[PDB]
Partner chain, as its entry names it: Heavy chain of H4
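Just one chain follows, in the form deposited without its partner chain, and it is written as structure tokens.
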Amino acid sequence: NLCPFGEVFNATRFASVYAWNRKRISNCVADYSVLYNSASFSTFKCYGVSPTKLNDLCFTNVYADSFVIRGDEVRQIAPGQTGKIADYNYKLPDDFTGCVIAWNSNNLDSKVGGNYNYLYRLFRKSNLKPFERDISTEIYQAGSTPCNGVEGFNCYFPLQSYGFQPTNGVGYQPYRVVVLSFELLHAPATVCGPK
């Protein structure tokens, strides 16, 4: 058997940051070469592990997290960064052991009229804990007066839409991000490299 990395990387549809998608890779052999020898990736940052050595290690589980963010926000995905995406949408643990891979998807996720279907969270009472997902659509209370399920003064919708257009600059252009977390539990290892 073989791990379904291609399905995560080459997936026809990607998820929004607030509803980032999690894929569990287990009980398979993983050839990381296709990722680390590829040149289509604009961002490739591995924390706690070297990409070249990865084929030799074995892990208990692998988690692939998929989402789409603007280019300037990609820095936030890396651990220890503040930002709307990092604080309200997707947070990486300070003790992160894994790889962050990102590539330009302007040819894929942009339209002439503009793609506003990719969303992010603009407002939240508390900052997200590592690997926490908020799918809530509840109206944000900025004041004492309850919204009662209606957007109003001092009462705002928490989510906002990316505007993705082909001419927009590279930071402003959509980027697809996959985060591979290599989890080592006190249990039999089910994901291994070629060796």
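Numbering follows the first chain given and starts at 1. Heads up, when I say rigid core I mean the largest set of C-alphas that superpose within 1.5 Å between the two forms.
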| property | result |
| --- | --- |
| Of 16-24 and 183-191, which departs more from this form in 5 other deposited structures of this protein by CA RMS after core fitting | 183-191 |
| Core-fitted comparison in 5 other deposited structures of this protein, 157-165 vs 142-150, farther C-alphas | 142-150 |
| Mean temperature factor over C-alpha atoms, higher-scoring stretch between 148-156 and 123-131 | 148-156 |
| Of 57-65 and 158-166, the one with larger mean CA B-factor | 57-65 |
| Out of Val17, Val178, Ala11, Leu184, highest CA B-factor residue | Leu184 |
| Assigned third (lowest, middle, highest) for the C-alpha B factor of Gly113 | highest |
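Below, we turn to the form solved in complex with its partner chain, even though it does not appear here.
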property: Residues from 150-170 in contact with its partner chain (non-hydrogen atom within 4.5 Å) in the deposited bound form; result: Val150, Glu151, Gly152, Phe153, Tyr156, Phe157, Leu159, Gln160, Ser161, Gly163, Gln165
